[PDB]
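Two forms, one protein chain; structure tokens for each follow separately as structure 1 and structure 2.
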Structure 1
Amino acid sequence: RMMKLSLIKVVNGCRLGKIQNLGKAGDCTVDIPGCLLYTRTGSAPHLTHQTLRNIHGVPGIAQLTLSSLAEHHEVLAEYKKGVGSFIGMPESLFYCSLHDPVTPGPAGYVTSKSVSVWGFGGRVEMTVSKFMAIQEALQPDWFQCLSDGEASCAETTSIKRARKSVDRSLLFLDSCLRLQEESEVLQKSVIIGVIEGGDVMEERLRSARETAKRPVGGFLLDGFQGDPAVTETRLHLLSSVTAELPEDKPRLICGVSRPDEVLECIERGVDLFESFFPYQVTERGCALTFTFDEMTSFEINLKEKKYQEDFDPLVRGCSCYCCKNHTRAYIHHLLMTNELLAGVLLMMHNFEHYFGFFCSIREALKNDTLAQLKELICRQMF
């Protein structure tokens, strides 16, 4: 409950559908497969709430991260009306992840009693009760449960480390559920259970099976993120895990946002992705250009002099604010003259492009043409 996931069809393991009645007011509808708006603190990077509304296709749910907010627990707790109200958008929908995928901290601070996050001012150690107190201050519609995602950070794959991540995460889960039952302000918030177990198949499946026994609203597939992309072994692990999860609850994944990875994960039953990739592209002065009808092959770098006299838009036929009004040469000029407006403009285009890519995925699932889209993406990446 607390949301209604309906599937239109499942083509080659890809789940095409929508999640209805979600959020604290139970009135938002999200399409799947889909992404969440990437933010750190609840406000989109570079973008006023009004400017964000000038981007086409903005997702119905925004991500914010405990990493960046945990230091401000005292202010938000005294304020008590929640993050949405704090930023001047009470009607917004928020999923609160534990970590910022763009800037994760060092490994090795997880114990059976606490998990640490790193914000702008440094490290914050969270017991279960400290973590739930923060959630009571933030009041997100969805929140990732406190979890141990560091089994794969060990030098080798060991049963003991994988087993511990499963058991720690279930202990955290049952404790947070208990504290949520006793909380006036978290009654309409939904906890997301976290699948752990590292690279050990049996512990992965046990984590999936045990987590699904709890009344979580959905599941976060944790620990599959790859450099540069999810490895083939972890894709196999992924579809084994999703096969054990109930079909009527959404599957989220963290740390997976690049278009080729996204498609591999959709094929293996993942529904919802973080959109930090276009933010990373913006931060290095780049624009996403890949067609869907370190810097990657999906993008151009507007700092390069070859764009100083390129009076074409970032993407021809793009209708974002930047491509409606500006050229490559202009954006290059803004970067050269060190005008921060460049970051605003790139963020608008990169979000709009990335969200359009997800719209295109869903159309491909409808038309049963996903395999051609996938080859199109991977031809641009090589």
Structure 2
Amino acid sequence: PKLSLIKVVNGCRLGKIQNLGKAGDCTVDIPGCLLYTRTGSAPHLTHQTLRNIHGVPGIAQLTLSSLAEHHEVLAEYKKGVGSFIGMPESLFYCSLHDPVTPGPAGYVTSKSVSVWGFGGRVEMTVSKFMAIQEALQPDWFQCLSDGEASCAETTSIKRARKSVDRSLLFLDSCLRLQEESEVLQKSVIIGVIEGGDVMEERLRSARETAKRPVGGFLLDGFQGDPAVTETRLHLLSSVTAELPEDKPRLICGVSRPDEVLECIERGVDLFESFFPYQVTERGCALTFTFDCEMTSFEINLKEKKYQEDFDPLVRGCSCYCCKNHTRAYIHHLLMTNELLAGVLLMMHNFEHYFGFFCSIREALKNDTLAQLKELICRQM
């Protein structure tokens, strides 16, 4: 992955990642987001409705938690997950867990890590993990890692120390297995930075993982409720300061527009796009401006004030829902528990979110991210 930075202003990396994909003729602009999927599908959106959205990222995120239970099927299919799900044109980064429904913690050992899907728990060693990636054949895939040192419970320093060594042992094992596979050599392994909330282990994880020939870095354990805490924000900057500038930085569990801008200032490139999915799942539509439970970035369309509101969700929006339907129609679909609401809302919430990331790159070119950041936070 040949990464090229246009400029770095206030710590924000503006650029593009070239020479990507099976043909090597793909580019990913940074900072950006990945298309969020569940079981190889964007939620509520078929391949047909997905084409109705403007600015869909060229790289999509898959989760082992939603696909590991389909290992035998994709193995017999042989042709990779992208062609299996009818999306062979997109790039695919396979992460370990799903950000919204990850499953219960406490199943990480030095010998195996577990994920959870619709059928149940799937326990996978490093061998089984690489066998599943050999069947999925993703462009990028997160390496097997120990991210459970970062939890709400009072974590021990030895536990944070273990997550660094355990993830490194997983990393060196996956590199030996990848070098012994013709198919997996085409994929790009992503190192995972761990260490919990211990600064020393966070710094050691960043330095030791960077010493491996990984193609990128996953910043794990910085997810925060309701957002990234100031302690982990400072923790994040200390980690990115130890990472090479020539490789992409990915973060998981960080998708709300306010934390996105905070992490871009810390040098994070790629983000998950599960926040517009959460907004859709509660019958809400993003309405926050970027020109020049429920948050204030959105409106609740189950509210009775939208019974006769015949305006679009966002005036001027070019999405399918806002150019063809009204809030009254969306409110009606939600009251009658119709699945078109989830479709029409997801189309707008994805288009609004993808357009929000366009404003980040547009503002970085104009050196006006501070104004855009001020406009985002003023709506809270």
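Numbers given to residues start at 1 and step along the sequence of structure 1. Whichever C-alpha set is largest while still superposing within 1.5 Å between the two forms counts as the rigid core.
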* How much does the C-alpha of residue 45 move between the two structures, in Å, when the core is lined up? -> 1.2
* Per-residue CA shift, residue 338 (Å; core superposed between the two structures) -> 2.2
* C-alpha positional change at residue 103 between the two structures - rigid core reference, Å -> 0.5
